[PDB]
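This report concerns only the one structure given below.
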Ligand SMILES: Cc1cc2nc3c(=O)[nH]c(=O)nc-3n(C[C@H](O)[C@H](O)[C@H](O)COP(=O)(O)OP(=O)(O)OC[C@H]3O[C@@H](n4cnc5c(N)ncnc54)[C@H](O)[C@@H]3O)c2cc1C
Ligand SMILES: Cc1cc2nc3c(=O)[nH]c(=O)nc-3n(C[C@H](O)[C@H](O)[C@H](O)COP(=O)(O)OP(=O)(O)OC[C@H]3O[C@@H](n4cnc5c(N)ncnc54)[C@H](O)[C@@H]3O)c2cc1C
């Protein structure tokens with residue numbers, strides 16, 4: 001038999017595994033799915049638990065429930081490195097050998113060599129992380145009542161005004177009243193600050209949506225510093241440059257949404273990467289390797305319409321997964337492989353549980369309609385991986 | 001005038017103010033009650049929020065509801081100092097003058113000058129404090145899944161196996177399943193440690209009850225280090241001396257139930273204090289001062305029947321309150337006042353929602369019945385201070 005190894009159980013990994021599961025009958029191939037955890041988590045919702053608006057359990061599902069144990073063998077371990085030449089993968093407590101390999105380890109934060117960011121800041125990239133963020137913030141608010149001289153406890157800074165950062169501050173803003181009610185804090189003293197290097201909030205968005213969003217969040221007490229870059233980060237706070245002069249913000253909680261790069265494991269294993277990602281062939285496989293397929297954030301692709309790269313998104317990762325499943329199933333059988341054609345719909349961004357901005361159907365949706373739309377789109381994924389039972393289990 | 005000032009709205013203080021209000025007709029005297037916070041909190045329940053077993057809002061009640069504006073005037077500020085000679089009290093945002101004074105600012109943690117205890121440890125003495133403790137523990141558990149190498153995060157050390165410490169570890173133990181369930185932590189790796197200098201846990205109680213309690217908590221995964229004293233404290237953990245050698249415990253959370261002393265203001269105000277507390281006359285009044293009365297944890301008293309001192313407790317503080325109310329009313333009226341004789345009921349200690357130990361009525365009650373007994377006794381105070389509305393609201 002031929003042995004297929006899939007790394008990571010993220011969007012690309014899980015869609016690939018489930019697809020392979022559907023395509024192949026028993027004994028056609030040996031399939032192993034490797035993930036750091038026994039669960040796969042819905043990354044797109046991760047902002048919600050981080051704020052504390054939603055329980056983290058909604059964002060994750062157990063892998064054992066998702067798959068057939070006869071078809072796939074599941075491994076709970078951490079990837080340390082990949083060796084192409086030896087054709088083996090090295091894990092913390094194991095090693096594997098693959099006839100065919102699928103790589104979807106997701107992304108790692110991009111700090112752009114900003115001083116102290118990696119050490120002293122938080123990121124929304126996992127269940128553990130959002131848990132830590134949420135309880136961190138709750139802890140500081142708990143601490144405020146003891147010494148109210150220290151208003152830094154109430155200050156929360158988000159780095160980057162890109163998609164993730166804006167969703168997160170929206171959730172935080174919606175979260176704030178209940179939190180202050182819990183910890184006996186005057187709502188006025190709380191500061192939520194969004195700091196972006198770029199001159200505009202939400203680049204890659206129609207200005208109409210952006211200003212509407214700024215009206216909503218600004219109405220909710222959010223503060224925006226734009227054209228302002230983070231000079232450095234310290235346990236005390238952050239230091240930013242305005243009008244070519246240094247200014248210091250003393251904040252207990254600093255969260256970094258500014259940028260993302262591919263997993264370090266990919267670059268560290270001798271691949272060549274632009275921004276940590278690999279520019280793959282029309283069949284989504286690494287250049288010079290017929291036996292390795294790449295998906296999600298680790299993969300790089302460019303649009304025909306403009307010589308600019310497709311952004312790293314859940315949706316494109318899903319498409320990657322289905323395509324790779326099809327191609328692998330065909331390839332082991334000696335069949336013809338299909339090239340990858342990306343079909344891209346529009347994305348909706350939440351401004352809290354009740355509010356959103358989006359471009360869907362080439363239309364400019366706002367408010368409740370946009371929010372409900374986003375929820376429906378997200379439900380479509382749940383239907384995809386787990387079906388009616390999975391969707392019903394949420395709500 | 002005559003002007004009466006009460007400091008703090010703890011058990012003694014609030015019972016005192018309520019007592020005066022019940023006792024006196026309108027316009028008879030000027031009474032002002034001062035507290036750092038707009039609420040009075042049921043200290044007796046404070047261990048529960050610290051574990052996270054019970055929401056904190058239950059443990060506190062707003063003061064304004066309790067008293068009648070016209071009878072009493074409330075000031076929300078923090079006492080900074082007392083000047084006996086000038087007969088004045090100094091606050092952060094005010095100053096007050098008293099014909100008669102009542103002091104019940106409660107207690108402050110006693111660390112016995114142990115290195116780093118005040119800096120690096122937690123105490124269960126206020127709502128804010130228990131909130132900080134609870135969220136601290138939750139924070140460590142949240143941190144754990146990211147790095148499971150660090151088991152110190154899961155370790156919680158409690159100093160003292162006295163009444164408070166035992167209740168607290170009991171609550172933590174009952175708390176543990178839900179807590180471990182939330183943050184993806186194996187229940188086994190969790191350590192709860194109770195550390196006492198004394199050779200026995202829970203001194204001053206009949207040994208049978210003690211053995212039963214150790215059986216319960218020990219069954220619940222609680223660990224006891226007895227005859228072992230804490231040498232010093234670090235943010236990483238604590239250092240204790242066992243078998244004539246230093247031993248290092250790596251624990252993220254250290255909670256101190258070991259000792260209590262009177263409020264620092266008392267020592268700082270020119271009083272003469274044994275353990276930061278004052279030894280009062282039979283009328284519950286400060287020595288050398290006819291216009292000053294002391295209540296609660298700030299007060300010190302001795303039993304004739306046994307040459308041992310009365311401990312600082314809620315119930316005795318309440319008795320202080322009623323006594324001071326009656327005596328004060330007499331003093332304003334010019335009548336003869338009653339000396340203070342304390343009558344003591346039995347005390348019950350919880351081991352969680354499902355278990356308790358008590359010596360109420362000399363029956364030495366154990367288990368579930370004891371728990372219900374404690375709940376009823378706790379309800380009695382609520383009935384006293386607020387009436388039907390307060391008890392129903394819980
Ligand atoms: C708040 C937030 C909101 C978002 N909303 C949207 C949206 O609305 N629409 C949209 O299209 N996109 C959205 N995205 C982007 C989208 O979520 C990501 O692009 C997508 O998750 C990436 O797909 P992936 O499977 O390759 O990465 P991942 O989902 O991160 O896959 C990583 C998986 O592999 C595991 N893993 C990682 N490293 C290792 C390792 N060394 N060893 C073993 N296992 C490892 C991880 O535990 C995880 O299981 C959002 C992102 C964020 C942070
Ligand atoms: C976990 C715990 C459990 C307990 N369980 C029991 C039990 O089961 N049975 C029993 O009999 N006793 C029990 N006790 C003891 C009892 O709760 C205390 O002894 C009681 O508080 C004594 O009355 P107090 O008014 O002096 O204390 P406090 O209630 O603490 O009075 C202090 C009040 O004054 C305020 N204050 C303090 N300093 C200032 C300042 N400078 N300026 C203005 N305001 C100030 C405080 O905020 C507080 O409101 C327990 C104590 C603890 C910590």
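Read-outs throughout are calculated quantities, based only on the coordinates presented, and are distinct from any laboratory measurement. Note that each Cβ is placed from the backbone with ideal geometry, even for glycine, and that neighbours are counted across all protein chains shown.
Can you spot a residue in the range B:60-68 that is more than 22 Å from residue B:300 (Cβ to Cβ) and under 17 Å from the mean Cα position of the chain (by Cα)?
Yes, there is a match, as at least one residue in the range B:60-68 is more than 22 Å from residue B:300 (Cβ to Cβ) and under 17 Å from the mean Cα position of the chain (by Cα).
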| Subset tally (residues that are surrounded by fewer than 16 Cβ atoms within 10 Å (Cβ to Cβ) and under 22 Å from residue A:162 (Cα atoms)) for the range A:271-284 | 2
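Counting only residues that are within 14 Å of chain B (Cβ to nearest Cβ) and surrounded by fewer than 19 Cβ atoms within 10 Å (Cβ to Cβ), how many does the range A:184-198 have? Break it down stepwise before answering.
Residues of the range A:184-198 within 14 Å of chain B (Cβ to nearest Cβ): A:184-186.
Now restrict to residues that are surrounded by fewer than 19 Cβ atoms within 10 Å (Cβ to Cβ): A:186.
Residues in the range A:184-198 being within 14 Å of chain B (Cβ to nearest Cβ) and surrounded by fewer than 19 Cβ atoms within 10 Å (Cβ to Cβ): 1 in total.
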| away from every other protein chain (no Cβ under 14 Å), out of contact with any strand residue (DSSP E or B) (no Cβ under 7 Å at 6 or more places or on another chain) and either farther than 22 Å from residue A:130 by Cβ or away from ligand 2 (no atom under 16 Å from the Cβ) (or both): does that describe residue A:110? | no
| remark: Those residues of the range B:289-332 which are touching a helix residue (DSSP H, G or I) at 6+ places or on another chain (Cβ under 7 Å), closer than 25 Å to residue B:71 by Cα and assigned to a loop (DSSP other than H, G, I, E, B) amount to B:295
| field | Residue list for the range A:115-134, filter: closer than 17 Å to residue A:235 by Cα and at the interface with chain B (Cβ under 7 Å from one of its Cβ atoms) | value | A:132
| Given the range B:1-117, what strands (runs of 3 or more DSSP E) lie entirely inside it while holding 2 or more residues that are free of Cβ contacts under 8 Å to residues at least 40 places away in the same chain? | B:88-91
| query | Got a number for residues in the range A:67-76 being touching a strand residue (DSSP E or B) at 6+ places or on another chain (Cβ under 6 Å) and surrounded by 15 or more Cβ atoms within 10 Å (Cβ to Cβ)? | reply | 3
| Conditions (1) within 11 Å of another protein chain (Cβ to nearest Cβ); (2) free of Cβ contacts under 8 Å to residues at least 24 places away in the same chain; (3) within 20 Å of the chain's Cα centre (by Cα); number of the one not met by residue B:181 | (3)
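Kindly indicate whether residue B:254 is farther than 30 Å from residue B:328 by Cα and touching a residue at least 12 places away in the same chain (Cβ under 8 Å).
Yes: the conditions hold for residue B:254.
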| message | Suppose we filter the range A:343-395 for residues that are in a strand (DSSP E or B) and either crowded, with 17+ Cβ neighbours inside 10 Å or touching a helix residue (DSSP H, G or I) at 6+ places or on another chain (Cβ under 7 Å) (or both); how many remain? | response | 11
| note | Filtering the range B:239-270 down to residues that are touching a helix residue (DSSP H, G or I) at 6+ places or on another chain (Cβ under 9 Å), over 30 Å from residue B:35 (Cβ atoms) and crowded, with 18+ Cβ neighbours inside 10 Å yields B:249, B:251, B:252
| message | I'd like to verify a number: residues in the range B:142-168 that are within 20 Å of residue B:182 (Cα to Cα) and more than 8 Å from every other protein chain (Cβ to nearest Cβ), how many? | response | 11
| Which condition number in (1) more than 14 Å from chain A (Cβ to nearest Cβ); (2) loosely packed, with under 14 Cβ neighbours inside 10 Å; (3) closer than 30 Å to residue B:163 by Cβ is the one that residue B:64 fails? | (3)
